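Single-structure report; data block below.
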Amino acid sequence: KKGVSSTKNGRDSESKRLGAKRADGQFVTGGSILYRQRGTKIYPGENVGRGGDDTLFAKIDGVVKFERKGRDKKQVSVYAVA
Amino acid sequence: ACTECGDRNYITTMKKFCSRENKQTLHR
Amino acid sequence: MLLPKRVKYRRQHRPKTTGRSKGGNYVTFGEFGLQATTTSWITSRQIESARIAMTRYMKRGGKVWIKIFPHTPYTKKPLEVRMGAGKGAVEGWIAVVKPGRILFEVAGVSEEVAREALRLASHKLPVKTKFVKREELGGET
RNA sequence: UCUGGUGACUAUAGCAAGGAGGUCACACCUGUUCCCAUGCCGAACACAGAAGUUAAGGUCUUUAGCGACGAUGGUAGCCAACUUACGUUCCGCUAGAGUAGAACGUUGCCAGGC
RNA sequence: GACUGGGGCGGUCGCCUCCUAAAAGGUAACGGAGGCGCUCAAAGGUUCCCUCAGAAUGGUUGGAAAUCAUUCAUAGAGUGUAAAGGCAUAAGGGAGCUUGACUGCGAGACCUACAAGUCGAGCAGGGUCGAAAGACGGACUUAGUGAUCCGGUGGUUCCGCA
RNA sequence: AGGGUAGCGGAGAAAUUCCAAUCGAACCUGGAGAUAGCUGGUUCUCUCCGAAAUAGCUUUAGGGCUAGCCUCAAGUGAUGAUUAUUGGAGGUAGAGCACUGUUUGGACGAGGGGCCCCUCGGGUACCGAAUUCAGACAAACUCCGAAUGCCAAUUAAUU
Ligand SMILES: [Mg+2]
Ligand SMILES: [Mg+2]
Ligand SMILES: [Mg+2]
Ligand SMILES: [Mg+2]
Ligand SMILES: [O]
Ligand SMILES: [O]
Ligand SMILES: [O]
């Protein structure tokens, strides 16, 4: 009946709000984040710096562009605003 | 402690800056 | 009731599957085989009973297979309870059958005795059935 | 476009097998006095040499046996709409995977020898 | 004391990772699986160097378990720690030297009701490694935690009831 | 009959019983219009606009606060919305076995266990893994991977 007697598993509010935070064809400012992740689900290219949680940003203004490298693993690479 | 003679201790259970002579020192 | 066919769990609780549709899964081993056609899924107990039948009525040995195995449990919890609390204990195992699987297959016999044993099976399962000959797949490469 | 060094390209480059050549490339290679170095060891790294050789590494030729690529067609599924409560059906977008066909024994840039 | 498939007994009350979660995020349940309330003076930083588990066979220690020995071995190992993500130029394993586990800051972005949290190129000071470019503001990533008031210890360009 | 004990009390052969028809602590006045996160009630017409029933925290869940969602007056000034076109992040449906783990029947040889022969070996049903043929299964497996949606466009039409 009621109560008897169990777990209570369930630790259900556990959130961090990852993902992507910009898109291709998007002007962007220095210091701005593009894409949170972990490990290297995306690598950086040019005009980029990474951080102590595998975040990504742009050291300099420009225009975001993702790319392919080796049939598995991508990379992101700002290129110069004209 | 320090040999700038002022308590700075990031410890719990050494040749480095201390901001009184711009040097780096023991502490300790 | 009885659950002879069993395995290492890997986990004892699982969200169910409930069937929608498919075809396919032709015969590959024997000659004659049973095709499930319609609305249900299965427990092991049933399959065992069907095997008892299909082994008796065929003397002369006569070969049988079961192309499927229940990889899935079937949970059902204490008697006369209020709902709510944690998912219940194990009672059963399951082998889902969309319309198009081929449960039972045989060879070594003629066309008749097969067909009888298969009648005597399909009365002992939920699903409507159909009798089939191995003449063709829908692909041979 | 012969060789070599360095770059770019989704392994169509690869992997397995076999054939051929070297004192101009490179390599094996002789040796450890010095540079230096091996947790034992000049095997490795490194320095000094060029005695012998194409065997190996590496280069070129050919192979489609392995792996990667791979359409077109039609199928499952599904966005929208009509019926319907039917483990739904009919109609209009879209369009997989698996698979056959076929493709594949790389392609180009810069320098320097030639 | 609240939840509470009436209430009670039972169980839980915060945080980290997954799945349910519907190809961005977010998204509950007395739904399903696991943990944390630390550890390190090197397991940190930096310059160099190297590549494993497994398998085959011969050999003392013979579960072929111990080190050897080559060959095959596309990462099946290992990654301080729980799981997902990640890594082979290594983020793993060893050697040298050190101790950036620094000071003052911080444009600009995420997140979110708020309070809090997260990341941060770049400037200057003054230094470690390295030949030099260059790298370093803790640990591959995330959890390892506690408002304010009050009390205490040290310091000081502060005030101090004529 | 005449008298006493008076409520933070008295009396009680004790039942929480009696104390001016009332007693889990009488009665009247005053504090006092006590308090109420609760129920109930709220008075004359028209016109314009127009929701929500969620997130978080809450000795909180039928209350509250902030954000959402509305209205009004200023301000901004085409920034918003739908569609088309291009690009793009993720990994569901589906499919599949290349890792994880499950599984059936073969092939099986690497080799064993006894019962038995030998007595150094033969080992004659079951098997591990060895290697493989074919066929299957999955929210917490993925070599793969749709439709939809989501993010932006010194882009275009409508509004
Ligand atoms: Mg009395
Ligand atoms: Mg009143
Ligand atoms: Mg409000
Ligand atoms: Mg499925
Ligand atoms: O009142
Ligand atoms: O009142
Ligand atoms: O009142």
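Every chain in the structure tokens has a letter given in the order shown (A, B, ...), and although residue numbers restart at 1 in each chain, ligands are simply numbered from 1 in the order shown.
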- Item | DSSP strand (DSSP E) selection over chain B, as a list in words |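 In chain B, DSSP puts these residues in strand (DSSP E): residues 16, 17, 24 and 25 of chain B.
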Those same residues, written as a PDB file, in the first residue's frame with N, CA, C and O atoms?
```
ATOM      1  N   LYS B  16      57.925  33.246  -4.168  1.00  0.00           N
ATOM      2  CA  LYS B  16      56.832  33.829  -4.929  1.00  0.00           C
ATOM      3  C   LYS B  16      56.367  35.204  -4.437  1.00  0.00           C
ATOM      4  O   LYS B  16      56.615  35.586  -3.292  1.00  0.00           O
ATOM      5  N   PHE B  17      55.812  35.964  -5.374  1.00  0.00           N
ATOM      6  CA  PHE B  17      55.366  37.340  -5.193  1.00  0.00           C
ATOM      7  C   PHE B  17      54.630  37.633  -3.909  1.00  0.00           C
ATOM      8  O   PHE B  17      53.944  36.767  -3.389  1.00  0.00           O
ATOM      9  N   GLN B  24      59.835  38.560  -5.486  1.00  0.00           N
ATOM     10  CA  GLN B  24      59.325  37.259  -5.090  1.00  0.00           C
ATOM     11  C   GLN B  24      60.200  36.745  -3.961  1.00  0.00           C
ATOM     12  O   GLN B  24      61.416  36.954  -3.977  1.00  0.00           O
ATOM     13  N   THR B  25      59.582  36.110  -2.965  1.00  0.00           N
ATOM     14  CA  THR B  25      60.253  35.784  -1.711  1.00  0.00           C
ATOM     15  C   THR B  25      59.808  34.426  -1.181  1.00  0.00           C
ATOM     16  O   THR B  25      59.147  33.670  -1.895  1.00  0.00           O
TER      17      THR B  25
END
```
- Task: Extract, using only C-alpha atoms (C1' of nucleotides), all DNA, RNA and protein residues at most 10 Å from residue 12 of chain C, discarding same-chain residues fewer than 2 positions from it, and format them as a ChimeraX atom specification.
- Result: /C:8-10,14,72-75,88-90 /E:32
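A distance cut-off of 9 Å from ligand 2, applied to only C-alpha atoms (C1' of nucleotides) and all ligand atoms, picks out the residues residues 32, 33, 34 and 35 of chain F.
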Requested write-out: N, CA and C atoms (P, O5', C5', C4', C3', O3' and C1' of nucleotides) of the selected residues, as a PDB file, in the first residue's frame:
```
ATOM      1  P     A F  32      -7.166  48.187  23.285  1.00  0.00           P
ATOM      2  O5'   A F  32      -8.489  47.562  22.666  1.00  0.00           O
ATOM      3  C5'   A F  32      -9.424  48.383  21.982  1.00  0.00           C
ATOM      4  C4'   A F  32     -10.647  47.612  21.555  1.00  0.00           C
ATOM      5  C3'   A F  32     -11.859  47.725  22.464  1.00  0.00           C
ATOM      6  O3'   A F  32     -13.043  47.532  21.709  1.00  0.00           O
ATOM      7  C1'   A F  32     -11.131  45.498  22.428  1.00  0.00           C
ATOM      8  P     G F  33     -13.897  48.780  21.199  1.00  0.00           P
ATOM      9  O5'   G F  33     -14.323  48.343  19.732  1.00  0.00           O
ATOM     10  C5'   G F  33     -14.991  47.105  19.530  1.00  0.00           C
ATOM     11  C4'   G F  33     -14.608  46.457  18.224  1.00  0.00           C
ATOM     12  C3'   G F  33     -13.156  46.028  18.120  1.00  0.00           C
ATOM     13  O3'   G F  33     -13.070  44.874  17.297  1.00  0.00           O
ATOM     14  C1'   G F  33     -13.611  47.555  16.426  1.00  0.00           C
ATOM     15  P     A F  34     -12.931  43.430  17.970  1.00  0.00           P
ATOM     16  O5'   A F  34     -11.365  43.245  18.122  1.00  0.00           O
ATOM     17  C5'   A F  34     -10.646  44.016  19.062  1.00  0.00           C
ATOM     18  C4'   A F  34      -9.208  43.585  19.192  1.00  0.00           C
ATOM     19  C3'   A F  34      -8.592  42.970  17.957  1.00  0.00           C
ATOM     20  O3'   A F  34      -8.080  43.969  17.101  1.00  0.00           O
ATOM     21  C1'   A F  34      -8.194  41.571  19.795  1.00  0.00           C
ATOM     22  P     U F  35      -7.645  43.612  15.606  1.00  0.00           P
ATOM     23  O5'   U F  35      -6.566  42.479  15.812  1.00  0.00           O
ATOM     24  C5'   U F  35      -6.159  41.710  14.712  1.00  0.00           C
ATOM     25  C4'   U F  35      -5.783  40.318  15.124  1.00  0.00           C
ATOM     26  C3'   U F  35      -5.984  39.266  14.072  1.00  0.00           C
ATOM     27  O3'   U F  35      -4.981  39.315  13.084  1.00  0.00           O
ATOM     28  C1'   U F  35      -6.787  38.467  16.121  1.00  0.00           C
TER      29        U F  35
END
```
- Message: For residue 66 of chain D, find every residue with an atom within 12 Å (counting only C-alpha atoms (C1' of nucleotides)), except residues of its own chain fewer than 2 positions away, and show them as an MDAnalysis selection string.
- Response: chainID D and resid 14:17 64 68
- Task: Restrict the distance test to only C-alpha atoms, flag each residue of chain A within 10 Å of chain C, and return the flagged residues as a PyMOL selection string.
- Result: chain A and resi 1-9
- Message: At a cut-off of 12 Å and counting only C-alpha atoms (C1' of nucleotides) and all ligand atoms, what residues surround ligand 1? Please answer as a ChimeraX atom specification.
- Response: /F:11-15,17-18
- Length of the atom CA of residue 28 of chain B to atom CA of residue 6 of chain B vector [Å]: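 Separating atom CA of residue 28 of chain B from atom CA of residue 6 of chain B is a distance of 10.7 Å.
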- Query: What residues in chain C lie within 8 Å of chain D, counting only C-alpha atoms (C1' of nucleotides), written as a ChimeraX atom specification?
  - Reply: /C:19-22,39,141
Once you have the residues from the selection above, write them out as a short mmCIF file (atom, residue, chain, number, x, y, z; two decimals), in the first residue's frame, restricted to N, CA, C and O atoms.
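Saved to part-v2.cif:
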```
data_model
loop_
_atom_site.label_atom_id
_atom_site.label_comp_id
_atom_site.auth_asym_id
_atom_site.auth_seq_id
_atom_site.Cartn_x
_atom_site.Cartn_y
_atom_site.Cartn_z
N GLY C 19 3.51 -2.58 -29.88
CA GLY C 19 3.83 -2.79 -31.27
C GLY C 19 3.02 -1.88 -32.17
O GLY C 19 1.91 -1.45 -31.82
N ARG C 20 3.59 -1.54 -33.33
CA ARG C 20 2.93 -0.72 -34.32
C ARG C 20 2.78 -1.42 -35.68
O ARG C 20 1.65 -1.63 -36.13
N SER C 21 3.89 -1.82 -36.32
CA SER C 21 3.83 -2.46 -37.64
C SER C 21 5.20 -2.80 -38.23
O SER C 21 6.20 -2.17 -37.88
N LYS C 22 5.23 -3.76 -39.16
CA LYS C 22 6.42 -4.14 -39.92
C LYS C 22 5.99 -5.22 -40.92
O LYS C 22 4.83 -5.62 -40.92
N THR C 39 -2.53 -8.61 -33.90
CA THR C 39 -2.42 -7.87 -32.64
C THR C 39 -2.11 -8.69 -31.39
O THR C 39 -3.03 -9.19 -30.73
N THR C 141 21.04 -11.30 -52.25
CA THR C 141 22.45 -10.93 -52.42
C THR C 141 23.30 -11.23 -51.19
O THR C 141 24.47 -10.84 -51.15
#
```
- Task: Around ligand 3, at most 9 Å away and counting only C-alpha atoms (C1' of nucleotides) and all ligand atoms, which residues are there? Put them as a PyMOL selection string, please.
- Result: chain F and resi 65-68
N, CA and C atoms (P, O5', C5', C4', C3', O3' and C1' of nucleotides) of the current selection, written as a PDB file, in the first residue's frame:
```
ATOM      1  P     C F  65       2.291  39.117  -3.424  1.00  0.00           P
ATOM      2  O5'   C F  65       3.841  39.030  -3.689  1.00  0.00           O
ATOM      3  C5'   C F  65       4.723  39.629  -2.768  1.00  0.00           C
ATOM      4  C4'   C F  65       6.159  39.364  -3.123  1.00  0.00           C
ATOM      5  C3'   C F  65       6.480  39.572  -4.574  1.00  0.00           C
ATOM      6  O3'   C F  65       6.683  40.932  -4.862  1.00  0.00           O
ATOM      7  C1'   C F  65       7.396  37.530  -3.870  1.00  0.00           C
ATOM      8  P     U F  66       6.250  41.495  -6.289  1.00  0.00           P
ATOM      9  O5'   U F  66       7.336  40.873  -7.254  1.00  0.00           O
ATOM     10  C5'   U F  66       8.675  41.236  -7.045  1.00  0.00           C
ATOM     11  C4'   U F  66       9.645  40.359  -7.770  1.00  0.00           C
ATOM     12  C3'   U F  66       9.424  40.196  -9.248  1.00  0.00           C
ATOM     13  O3'   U F  66       9.788  41.322 -10.020  1.00  0.00           O
ATOM     14  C1'   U F  66       9.929  38.114  -8.306  1.00  0.00           C
ATOM     15  P     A F  67       9.033  41.603 -11.409  1.00  0.00           P
ATOM     16  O5'   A F  67       9.292  40.282 -12.258  1.00  0.00           O
ATOM     17  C5'   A F  67      10.592  40.026 -12.746  1.00  0.00           C
ATOM     18  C4'   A F  67      10.646  38.948 -13.793  1.00  0.00           C
ATOM     19  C3'   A F  67       9.515  38.900 -14.803  1.00  0.00           C
ATOM     20  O3'   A F  67       9.672  39.853 -15.841  1.00  0.00           O
ATOM     21  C1'   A F  67       9.941  36.737 -14.015  1.00  0.00           C
ATOM     22  P     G F  68       8.483  40.208 -16.863  1.00  0.00           P
ATOM     23  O5'   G F  68       7.778  38.819 -17.175  1.00  0.00           O
ATOM     24  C5'   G F  68       8.247  38.038 -18.254  1.00  0.00           C
ATOM     25  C4'   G F  68       7.513  36.731 -18.425  1.00  0.00           C
ATOM     26  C3'   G F  68       6.223  36.769 -19.213  1.00  0.00           C
ATOM     27  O3'   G F  68       6.454  36.827 -20.609  1.00  0.00           O
ATOM     28  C1'   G F  68       6.013  35.329 -17.334  1.00  0.00           C
TER      29        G F  68
END
```
- Item | Selected residue of minimal separation from chain E among B:7, B:21, B:26, B:2, counting only C-alpha atoms (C1' of nucleotides) |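 Of B:7, B:21, B:26, B:2, the one nearest chain E, counting only C-alpha atoms (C1' of nucleotides), is B:7.
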- What residues in chain A have any atom no more than 12 Å from chain E when counting only C-alpha atoms (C1' of nucleotides), and can you write them as a PyMOL selection string? chain A and resi 1-23+28-43+47-61+73
Resulting file, chosen residues, C-alpha atoms, as a short mmCIF file (atom, residue, chain, number, x, y, z; two decimals), in the first residue's frame:
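Below you can see selection.cif, which holds the result:
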```cif
data_model
loop_
_atom_site.label_atom_id
_atom_site.label_comp_id
_atom_site.auth_asym_id
_atom_site.auth_seq_id
_atom_site.Cartn_x
_atom_site.Cartn_y
_atom_site.Cartn_z
CA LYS A 1 0.00 0.00 0.00
CA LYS A 2 1.11 3.63 0.41
CA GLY A 3 4.60 4.25 1.76
CA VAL A 4 5.86 0.67 1.55
CA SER A 5 8.82 0.96 1.09
CA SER A 6 11.19 1.88 -1.64
CA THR A 7 13.66 4.07 -3.35
CA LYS A 8 13.29 6.90 -4.41
CA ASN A 9 15.87 6.89 -6.93
CA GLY A 10 15.47 10.14 -8.78
CA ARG A 11 17.68 13.18 -8.52
CA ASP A 12 15.89 14.98 -11.20
CA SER A 13 16.80 18.70 -11.21
CA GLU A 14 20.37 18.51 -12.58
CA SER A 15 20.88 21.13 -15.29
CA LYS A 16 23.65 23.19 -16.83
CA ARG A 17 22.21 24.52 -20.14
CA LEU A 18 24.86 23.51 -22.65
CA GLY A 19 24.74 23.59 -26.40
CA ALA A 20 25.42 26.19 -29.04
CA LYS A 21 24.95 29.91 -28.64
CA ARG A 22 25.67 31.35 -32.10
CA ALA A 23 25.16 30.30 -35.70
CA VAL A 28 29.96 38.39 -33.59
CA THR A 29 32.00 40.34 -31.10
CA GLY A 30 35.34 39.62 -29.50
CA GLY A 31 35.25 37.61 -26.30
CA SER A 32 31.91 36.10 -27.34
CA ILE A 33 31.00 32.48 -26.79
CA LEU A 34 29.95 30.34 -29.74
CA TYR A 35 29.55 26.89 -28.37
CA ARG A 36 29.78 25.13 -25.04
CA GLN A 37 30.73 21.48 -24.97
CA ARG A 38 32.94 19.03 -23.17
CA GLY A 39 36.02 17.26 -24.31
CA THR A 40 36.43 18.35 -27.88
CA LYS A 41 33.12 17.67 -29.50
CA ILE A 42 34.28 20.58 -31.64
CA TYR A 43 37.83 21.72 -32.16
CA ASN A 47 40.96 33.35 -34.31
CA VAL A 48 39.72 31.17 -31.41
CA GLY A 49 40.61 30.39 -27.82
CA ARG A 50 39.44 27.63 -25.51
CA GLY A 51 39.05 27.49 -21.75
CA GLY A 52 39.10 25.41 -18.60
CA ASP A 53 35.84 23.66 -19.45
CA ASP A 54 36.33 23.21 -23.19
CA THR A 55 34.24 26.25 -24.02
CA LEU A 56 34.92 28.17 -27.18
CA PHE A 57 35.04 31.81 -28.09
CA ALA A 58 36.43 34.30 -30.54
CA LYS A 59 39.48 36.34 -29.64
CA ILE A 60 38.56 38.86 -32.35
CA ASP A 61 35.51 40.02 -34.26
CA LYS A 73 35.55 15.87 -36.05
#
```
Taking only C-alpha atoms (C1' of nucleotides) into account, report as a PDB file with N, CA, C and O atoms, in the first residue's frame which residues of chain C lie within 10 Å of chain F.
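And here's iface.pdb as it stands now:
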```pdb
ATOM      1  N   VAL C   7      17.728 -15.148 -19.133  1.00  0.00           N
ATOM      2  CA  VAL C   7      19.115 -14.757 -19.326  1.00  0.00           C
ATOM      3  C   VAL C   7      19.605 -13.894 -18.177  1.00  0.00           C
ATOM      4  O   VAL C   7      18.834 -13.515 -17.291  1.00  0.00           O
ATOM      5  N   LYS C   8      20.901 -13.615 -18.177  1.00  0.00           N
ATOM      6  CA  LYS C   8      21.433 -12.439 -17.511  1.00  0.00           C
ATOM      7  C   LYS C   8      20.583 -11.225 -17.854  1.00  0.00           C
ATOM      8  O   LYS C   8      20.306 -10.957 -19.026  1.00  0.00           O
ATOM      9  N   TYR C   9      20.209 -10.468 -16.832  1.00  0.00           N
ATOM     10  CA  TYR C   9      19.321  -9.330 -17.008  1.00  0.00           C
ATOM     11  C   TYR C   9      20.007  -8.247 -17.819  1.00  0.00           C
ATOM     12  O   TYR C   9      19.598  -7.905 -18.933  1.00  0.00           O
ATOM     13  N   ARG C  10      21.089  -7.765 -17.221  1.00  0.00           N
ATOM     14  CA  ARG C  10      21.761  -6.481 -17.382  1.00  0.00           C
ATOM     15  C   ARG C  10      21.053  -5.326 -16.683  1.00  0.00           C
ATOM     16  O   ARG C  10      21.733  -4.395 -16.248  1.00  0.00           O
ATOM     17  N   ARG C  11      19.752  -5.456 -16.421  1.00  0.00           N
ATOM     18  CA  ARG C  11      18.862  -4.500 -15.761  1.00  0.00           C
ATOM     19  C   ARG C  11      17.517  -5.192 -15.613  1.00  0.00           C
ATOM     20  O   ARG C  11      17.091  -5.942 -16.492  1.00  0.00           O
ATOM     21  N   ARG C  14      12.390  -1.857 -17.091  1.00  0.00           N
ATOM     22  CA  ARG C  14      12.506  -1.316 -18.435  1.00  0.00           C
ATOM     23  C   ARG C  14      11.189  -0.765 -18.979  1.00  0.00           C
ATOM     24  O   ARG C  14      10.150  -1.416 -18.823  1.00  0.00           O
ATOM     25  N   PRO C  15      11.179   0.398 -19.643  1.00  0.00           N
ATOM     26  CA  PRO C  15       9.968   0.819 -20.329  1.00  0.00           C
ATOM     27  C   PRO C  15       9.642  -0.136 -21.454  1.00  0.00           C
ATOM     28  O   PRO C  15      10.517  -0.590 -22.189  1.00  0.00           O
ATOM     29  N   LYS C  16       8.362  -0.424 -21.583  1.00  0.00           N
ATOM     30  CA  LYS C  16       7.871  -1.435 -22.484  1.00  0.00           C
ATOM     31  C   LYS C  16       8.093  -1.018 -23.922  1.00  0.00           C
ATOM     32  O   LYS C  16       8.449   0.122 -24.220  1.00  0.00           O
ATOM     33  N   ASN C  25      11.216 -10.628 -42.483  1.00  0.00           N
ATOM     34  CA  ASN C  25      11.722 -11.796 -41.775  1.00  0.00           C
ATOM     35  C   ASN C  25      11.206 -13.094 -42.376  1.00  0.00           C
ATOM     36  O   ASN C  25      10.372 -13.780 -41.788  1.00  0.00           O
ATOM     37  N   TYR C  26      11.679 -13.399 -43.577  1.00  0.00           N
ATOM     38  CA  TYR C  26      11.375 -14.641 -44.268  1.00  0.00           C
ATOM     39  C   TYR C  26      12.035 -15.825 -43.579  1.00  0.00           C
ATOM     40  O   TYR C  26      12.750 -15.681 -42.586  1.00  0.00           O
ATOM     41  N   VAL C  27      11.803 -17.009 -44.136  1.00  0.00           N
ATOM     42  CA  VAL C  27      12.355 -18.243 -43.596  1.00  0.00           C
ATOM     43  C   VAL C  27      13.734 -18.437 -44.208  1.00  0.00           C
ATOM     44  O   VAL C  27      13.955 -18.117 -45.378  1.00  0.00           O
ATOM     45  N   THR C  28      14.658 -18.976 -43.416  1.00  0.00           N
ATOM     46  CA  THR C  28      16.039 -19.173 -43.826  1.00  0.00           C
ATOM     47  C   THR C  28      16.579 -20.543 -43.461  1.00  0.00           C
ATOM     48  O   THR C  28      17.562 -20.981 -44.063  1.00  0.00           O
ATOM     49  N   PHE C  29      15.974 -21.222 -42.491  1.00  0.00           N
ATOM     50  CA  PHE C  29      16.520 -22.453 -41.949  1.00  0.00           C
ATOM     51  C   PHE C  29      15.857 -23.683 -42.535  1.00  0.00           C
ATOM     52  O   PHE C  29      16.509 -24.516 -43.168  1.00  0.00           O
ATOM     53  N   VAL C  64      12.634 -28.738 -35.406  1.00  0.00           N
ATOM     54  CA  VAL C  64      11.963 -27.509 -35.030  1.00  0.00           C
ATOM     55  C   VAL C  64      13.020 -26.493 -34.635  1.00  0.00           C
ATOM     56  O   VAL C  64      14.122 -26.844 -34.208  1.00  0.00           O
ATOM     57  N   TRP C  65      12.677 -25.227 -34.795  1.00  0.00           N
ATOM     58  CA  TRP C  65      13.458 -24.119 -34.287  1.00  0.00           C
ATOM     59  C   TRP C  65      12.503 -23.124 -33.659  1.00  0.00           C
ATOM     60  O   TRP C  65      11.285 -23.233 -33.818  1.00  0.00           O
ATOM     61  N   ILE C  66      13.063 -22.164 -32.943  1.00  0.00           N
ATOM     62  CA  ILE C  66      12.359 -20.962 -32.535  1.00  0.00           C
ATOM     63  C   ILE C  66      13.269 -19.800 -32.892  1.00  0.00           C
ATOM     64  O   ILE C  66      14.322 -19.610 -32.274  1.00  0.00           O
ATOM     65  N   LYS C  67      12.854 -19.013 -33.875  1.00  0.00           N
ATOM     66  CA  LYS C  67      13.693 -17.942 -34.379  1.00  0.00           C
ATOM     67  C   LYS C  67      13.830 -16.774 -33.411  1.00  0.00           C
ATOM     68  O   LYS C  67      14.678 -15.903 -33.634  1.00  0.00           O
ATOM     69  N   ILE C  68      13.045 -16.742 -32.333  1.00  0.00           N
ATOM     70  CA  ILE C  68      12.986 -15.594 -31.431  1.00  0.00           C
ATOM     71  C   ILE C  68      13.209 -16.056 -30.000  1.00  0.00           C
ATOM     72  O   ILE C  68      13.143 -17.251 -29.697  1.00  0.00           O
ATOM     73  N   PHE C  69      13.513 -15.104 -29.128  1.00  0.00           N
ATOM     74  CA  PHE C  69      13.760 -15.321 -27.719  1.00  0.00           C
ATOM     75  C   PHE C  69      13.293 -14.073 -26.987  1.00  0.00           C
ATOM     76  O   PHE C  69      13.472 -12.964 -27.501  1.00  0.00           O
ATOM     77  N   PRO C  70      12.691 -14.204 -25.807  1.00  0.00           N
ATOM     78  CA  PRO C  70      12.276 -13.010 -25.067  1.00  0.00           C
ATOM     79  C   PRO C  70      13.456 -12.323 -24.408  1.00  0.00           C
ATOM     80  O   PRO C  70      14.055 -12.856 -23.476  1.00  0.00           O
ATOM     81  N   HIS C  71      13.767 -11.125 -24.879  1.00  0.00           N
ATOM     82  CA  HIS C  71      14.869 -10.351 -24.352  1.00  0.00           C
ATOM     83  C   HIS C  71      14.425  -9.283 -23.374  1.00  0.00           C
ATOM     84  O   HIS C  71      15.220  -8.398 -23.049  1.00  0.00           O
ATOM     85  N   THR C  72      13.193  -9.354 -22.887  1.00  0.00           N
ATOM     86  CA  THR C  72      12.539  -8.209 -22.274  1.00  0.00           C
ATOM     87  C   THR C  72      11.665  -8.649 -21.105  1.00  0.00           C
ATOM     88  O   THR C  72      10.972  -9.671 -21.223  1.00  0.00           O
ATOM     89  N   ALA C  95       8.620 -11.444 -25.760  1.00  0.00           N
ATOM     90  CA  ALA C  95       9.172 -11.451 -27.101  1.00  0.00           C
ATOM     91  C   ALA C  95       8.103 -10.853 -27.994  1.00  0.00           C
ATOM     92  O   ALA C  95       7.111 -11.514 -28.309  1.00  0.00           O
ATOM     93  N   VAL C  96       8.285  -9.600 -28.367  1.00  0.00           N
ATOM     94  CA  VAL C  96       7.270  -8.871 -29.112  1.00  0.00           C
ATOM     95  C   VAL C  96       7.157  -9.435 -30.516  1.00  0.00           C
ATOM     96  O   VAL C  96       8.139  -9.910 -31.096  1.00  0.00           O
TER      97      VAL C  96
END
```
- Message: Please identify all residues of chain F having at least one atom at most 12 Å from any atom of chain A, considering only C-alpha atoms (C1' of nucleotides), and return them as a ChimeraX atom specification.
- Response: /F:56,86-90,143,150-154
- So which residues of chain C fall under alpha helix (DSSP H) by DSSP, listed as JSON, numbers by chain? {"C": [44, 45, 46, 47, 48, 49, 50, 51, 52, 53, 54, 55, 56, 57, 111, 112, 113, 114, 115, 116, 117, 118, 119, 120, 121, 122]}
- Message: Show me, as a PyMOL selection string, the residues that have an atom within 12 Å of residue 13 of chain B when counting only C-alpha atoms (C1' of nucleotides), minus same-chain residues fewer than 5 positions from it.
- Response: chain E and resi 38-40
- Task: List the neighbours of residue 2 of chain C out to 9 Å using only C-alpha atoms (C1' of nucleotides); skip same-chain residues closer than 5 positions along the sequence, and give me the result as a list in words.
- Result: residues 44, 45 and 92 of chain C
- Message: Using only C-alpha atoms (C1' of nucleotides) and a distance of at most 12 Å, pull out the residues of chain A that contact chain D, as JSON, numbers by chain.
- Response: {"A": [67, 68, 69, 70, 71, 72, 73, 74]}
Dump as an mmCIF file, in the first residue's frame, selection limited to C-alpha atoms:
```
data_model
loop_
_atom_site.group_PDB
_atom_site.id
_atom_site.type_symbol
_atom_site.label_atom_id
_atom_site.label_comp_id
_atom_site.auth_asym_id
_atom_site.auth_seq_id
_atom_site.Cartn_x
_atom_site.Cartn_y
_atom_site.Cartn_z
ATOM 1 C CA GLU A 67 33.952 23.158 -40.956
ATOM 2 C CA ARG A 68 34.965 19.541 -41.386
ATOM 3 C CA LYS A 69 38.453 18.176 -40.872
ATOM 4 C CA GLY A 70 38.827 14.389 -40.997
ATOM 5 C CA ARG A 71 35.397 12.823 -41.639
ATOM 6 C CA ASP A 72 34.606 12.722 -37.897
ATOM 7 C CA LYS A 73 35.549 15.869 -36.047
ATOM 8 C CA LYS A 74 34.613 19.397 -36.915
#
```
